[PDB]
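part one of the complex, untouched from its place in the assembly:
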Amino acid sequence: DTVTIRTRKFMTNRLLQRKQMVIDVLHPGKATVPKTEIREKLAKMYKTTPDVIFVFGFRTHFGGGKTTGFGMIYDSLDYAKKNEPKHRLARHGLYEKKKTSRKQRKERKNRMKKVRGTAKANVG
C-alpha cells in the first residue's frame, strides 16, 4: 500500500519495439520489494499485461528509502523473445540453458579434434 512507483527518463524505442524507463520504488518500511510486485504495478500503471514487462538492476540506497532500477515494456511477447537477452527470458521461464559446463565441451571439442570424419560424432 505504501509502495510507490515513479518513472524517470522514459523513451519509446521503436527500433527495438519497447518502452524503456528508470524506476524508483519508494518503500519506507519494508525491505527491497520483489520484481513481481514492480511488474504488476507497472502493468496496472501502463495498462499492459505483466508478462511482457522486464525489470532489472535494482539498487537500494543507504538508509532504506528509494530503490532505483531499469524497466522495459515491449509491444508483444514475440518482440520480447526476439529482443531480450536469454537470461532475462530465463528469469520468466521462457528459456532453458544447457546443463553442460565449459570444461566438458572444451575437452569434448579437443577429443573430437583428435578424430576424423563421421567418427567425430561417436566420441563423447
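Perfect, I can see it now. Residues are numbered from 1 along each chain as shown, chains lettered A, B, ... in the order given.

centroid residue for chain A?
By C-alpha atoms, centre = their mean, chain A has its centre lying nearest to residue A:88, at 2.3 Å.

Show me where chain A has its helices.
A:35-46, A:77-83, A:86-90, A:102-113 (DSSP state H).

among those, which is nearest residue A:67?
helix A:35-46 (8.8 Å; C-beta to C-beta). In this view, the C-beta of every residue, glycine as well, is placed from N, C-alpha and C.

which other helices and strands contact the closest one?
Contact here means 3 or more C-beta pairs under 8 Å, 6 or more residues apart in numbering; DSSP states H and E; on that basis helix A:35-46 packs against strand A:4-13, strand A:18-26, strand A:53-60, strand A:66-74.

if we go to 6 Å?
When contacts are defined as 3 or more C-beta pairs under 6 Å, 6 or more residues apart in numbering; DSSP states H and E, helix A:35-46 sits against strand A:53-60.

hmm, back to that, okay, the residue nearest to the centre of chain A and residue A:35: tell me how far apart.
Note on residue A:88: its distance to residue A:35, by C-beta to C-beta, to the nearest Å, is 10 Å.

same thing with residue A:54?
Separation of residue A:54 from residue A:35 (C-beta to C-beta): 9 Å.

Which one's more surrounded, those two?
residue A:54 (22 against 17; other C-beta atoms under 10 Å).

tack on chain B:
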Amino acid sequence: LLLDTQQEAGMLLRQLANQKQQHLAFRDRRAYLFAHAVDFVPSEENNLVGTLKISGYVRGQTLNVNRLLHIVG
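Let me add chain B to what's already shown:
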C-alpha cells in the same frame, strides 16, 4: 588441502609426490628398516627365544651384517 573428492585425492598424491624433502640426520647416518613381514622360528619353545625373520626395505645407509641391530622397543 581438501579431501572430499577422489579428484582432490589425486591432487593430494600429486602434491606429496613432488615436495622438497626434509631430511633428518639421525635417519641418514644409521641404517634403518621398517618391517613389512615378521616371521619367527623358536630355537626352544620352553626357552621362548628364537630366530626372527624381519623383511622390509633398507632405507638409510648400506646395511652391513657385522654391525649390531637395535629393535627400538
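
Same as before for what packs on helix A:35-46, with chain B this time.
Judged by 3 or more C-beta pairs under 6 Å, 6 or more residues apart in numbering or on different chains; DSSP states H and E, helix A:35-46 is in contact with strand A:53-60.

ok, back up a step: for the residue nearest to the centre of chain A, which non-adjacent residue is spatially closest?
Nearest non-adjacent residue to residue A:88, counting by C-beta to C-beta, 6 or more residues apart in numbering or on different chains: residue A:54, 5.4 Å away.

Return the residues in contact with that neighbour.
For residue A:54, the residues meeting the contact criterion (C-beta atoms under 6 Å, 6 or more residues apart in numbering or on different chains) are A:72, A:84, A:88.

Which single one of these is nearest to residue B:25?
Nearest to residue B:25 out of the contacts of residue A:54 is residue A:88 (C-beta to C-beta; 67.3 Å).

measure the closest one to residue A:53 for me?
11 Å.

do residue A:83 as well
The spacing between residue A:83 and residue A:53, counted by C-beta to C-beta, is 13 Å.

Residue A:72 too?
Counting by C-beta to C-beta, the gap from residue A:72 to residue A:53 is 7 Å.

Between the two, which is the more surrounded one?
residue A:53 (24 against 20; other C-beta atoms under 10 Å in any protein chain shown).

Relative to residue A:24, how far out is the more buried one?
Distance of residue A:53 to residue A:24, given as C-beta to C-beta: 16 Å.

and what of residue A:15?
Distance from residue A:15 to residue A:24, by C-beta to C-beta: 26 Å.

For these two, indicate the residue with more neighbours.
The neighbour comparison of residue A:15 against residue A:24 (other C-beta under 10 Å) goes to residue A:24, with 15 against 7.

next up, chain C:
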Amino acid sequence: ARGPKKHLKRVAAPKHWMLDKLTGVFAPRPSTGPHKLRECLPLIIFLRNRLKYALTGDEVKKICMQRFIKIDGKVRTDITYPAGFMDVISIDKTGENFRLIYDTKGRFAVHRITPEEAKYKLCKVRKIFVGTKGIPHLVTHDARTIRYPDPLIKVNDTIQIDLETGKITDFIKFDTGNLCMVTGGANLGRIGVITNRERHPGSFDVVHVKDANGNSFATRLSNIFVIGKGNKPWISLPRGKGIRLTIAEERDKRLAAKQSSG
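To build on what is shown above, here is chain C added in:
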C-alpha cells in the same frame, strides 16, 4: 606487430568519443572506411552512447541488422562503421535525421536536421587528377571519387552533392570572406570567416579565421572546411553557432540558467 592491428583500448581511444574508464578494456575499433578512425564516430557509439537507443553492443547489433540505419542514404549493418564530418544518418523507423557536425568543444554534436536537408551533403575536395583518356576526377574528404566535375572546382573548394545520385549540385570556392569551420587542432569546431591565407611553400599554409564576435584564430589548410558562401551557411548549425566561449562565460551562462530554471 606482424600485421595490422584489430583491437583498440579505451584509454587509447580518441577522447571526443567520451568513453568511460571502467566499462571495459577495449574500445570499438572502427572498421576501415571513408573517414580516419581518429576523426570519426563508430555507429555503436552514436546509437548506444549518444542517442541511448541501445544499452549494450548486442542491442546495437540487433538494431543495425534489422536494417534501420542509413549513412548517406545507404543501409549499413556494420556496427563499427566510421561516420565522419558533414555526415547524414537517417533512421526511417523513428523518422529521425541527424547530421554529424563538430561541436564547439571538439566533439561530434548530434544535430537533428529537417528531412529535406538530409538529401544533400557538403564535401571538401582533396585532389584533382586527369586519368583514363582525358577524364577529370575529384577526390573529396570522404573518398567519393567524382568523375567529370566542373572545371572551375579546384583543390580545397567544397561541393554540395545530392546523396541519391552522388552527383554535384553546386560548389563553394575557397576564398577570403567566406564562412568556414575548423575540423582539426586546438580550434576544432569553431565557425568563422576567412580573413587571409598565408603561403609557406614546401610546408603548411596557415589560414586566419575571424569569429562573428571579433575573435581571431589560425589553423592549417588541412583543418579548414568551407561551409558557407560569404556569411550565410549552406547547412543548419548546432545549438551553439560555433562561437567558443571562455570558461568565465560558460560559468556565467550556467549560473544564469540555474537562476532562471529552478
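
Chain C added, so what about what packs on helix A:35-46 now?
In terms of contacts (3+ C-beta pairs under 6 Å, 6+ apart), helix A:35-46 is packed against strand A:53-60.

in the stretch 1-150 of chain C, what residue is nearest chain A?
Nearest to chain A, among the residues of the stretch 1-150 of chain C, is residue C:63, at 4.9 Å (C-beta to the nearest C-beta).

Might you enumerate the residues of chain A proximal to chain C?
A:13, A:14, A:15 (C-beta under 6 Å from any C-beta of the partner chain).

Return the residues in contact with the last one.
What it means is residue A:15. If you count contacts by C-beta under 6 Å, 6+ apart, then residue A:15 has C:53, C:63, C:68, C:93 around it.

Which ones among those map onto strands?
Among the contacts of residue A:15, no member is found in strands (DSSP state E).

wait, is residue C:222 part of a helix?
Yes. If the criterion is DSSP: H, G, I helix; E, B strand; the rest coil, then residue C:222 is within a helix.

For chain C, what's the nearest residue on chain A?
Among the residues of chain A, residue A:15 lies closest to chain C, at 4.9 Å counting by C-beta to the nearest C-beta.

what do you get for chain B?
For chain B, C-beta to the nearest C-beta, closest residue to chain C: residue B:11, 32.7 Å.

Let me know the secondary structure of the residue of chain B most remote from its centre.
What lies farthest from the middle of chain B is residue B:46; by C-alpha atoms, centre = their mean that is 31.0 Å. With three-state DSSP as the basis, the three-state label of residue B:46 is coil.
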